[PDB]
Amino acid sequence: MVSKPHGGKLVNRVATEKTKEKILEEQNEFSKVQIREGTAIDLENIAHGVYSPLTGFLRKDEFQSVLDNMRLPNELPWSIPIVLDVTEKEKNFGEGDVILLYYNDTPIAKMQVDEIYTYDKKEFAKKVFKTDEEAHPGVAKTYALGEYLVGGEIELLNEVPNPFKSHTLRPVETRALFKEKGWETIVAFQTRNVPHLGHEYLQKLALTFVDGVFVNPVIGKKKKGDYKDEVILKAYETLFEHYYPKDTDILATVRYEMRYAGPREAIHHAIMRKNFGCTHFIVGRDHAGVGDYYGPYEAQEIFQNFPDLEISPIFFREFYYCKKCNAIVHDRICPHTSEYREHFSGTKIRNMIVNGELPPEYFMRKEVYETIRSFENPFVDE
């Protein structure tokens, strides 16, 4: 098969050097609106076509459509609302104006404001997140938004500084990379942790029916205790060098603030990976879900409502390392009792390292452990 960008064509909303030049000369005659970091990232994903066919923030009819149907008005799958919020005090502009969107003191984007509209916060929250419980991070963030959403097209002037720009290839680059290597089918594997054997098992299992693997670590906010992103990248570089043939794998990052919308977000992740050029998308259990809100297989079941998605989700059956079979196996072929079975848990393996323990090599490749240990502190303190 061939991977076509969501909506037919890859969006490019980067500003010409002529536009960025004049904007900053004439910036005092443009209303400024402050945005959060998550939004500045959304704006680079719009500009670089990661959110194709979006060309800016959603207008009213599109927002309502996304809430009610997870589709755009024209029926194209779209499941995560991409919106810009302002309060009454922050609203120093009107419909038709051109405004500048600032992150701190940096102008990130100019925006042609098409529509300024209101919304029901309780409907927003319940429909996106399937709950109106304030304990849910996303419901809490929805309830904190400004009263007004602002729809219209953007042009990217500046982007938030990225330490790993070298790894952050945009969709036009990953597509050309797939084509150079002769890959017609490509499987996306999304992660925010170092690779364990379970991860490798799935990726090499996909290698049997797909030409290549696109490992796509997400750069986002870090809880205290997570692996530093540098660590995830170096660990994966060690894995590929030592255990993968050379023309089977591509590693590039993408910046994206998780909304923890559960199954509604798995569709979004598939759309982003489609835009990168992928034909297939591995989906695991509890994907982008928050415990006690979404079922483990919920994020798999939702793809039944999107036959038209044109990227193939891949669901794998349960598996575990067996210490008597000495192999990754499954219940159908292994008769051994629970003490021989080791289920893979990125969290248990991380806590091991945090507690000063060595993961067995049926959990973690020796060389991957040595790479993690080569950092004086591989974990975020903030």
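Residue indices: 1-based, along the sequence shown.
Taking the mean C-alpha B-factor of each stretch as recorded, 341 to 349 and 25 to 33 are not equal, and the higher mean is that of 25 to 33. Higher mean CA temperature factor between 270 to 278 and 89 to 97: 89 to 97, per the PDB entry.
Considering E134, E265, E200, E237 together, the PDB entry gives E134 the largest C-alpha B factor.
Per the PDB entry, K224 shows the highest C-alpha temperature factor of the residues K224, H196, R175, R71. When all modelled residues of the chain are sorted by CA temperature factor, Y243 is found within the lowest third. For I314, the recorded CA temperature factor ranks within the highest third of the chain's modelled residues.
Sort the modelled residues of the chain by CA B factor and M111 lands in the middle third. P378: CA B factor in the highest third of modelled residues in this chain (values from the PDB entry). For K126, the recorded CA temperature factor ranks within the lowest third of the chain's modelled residues.
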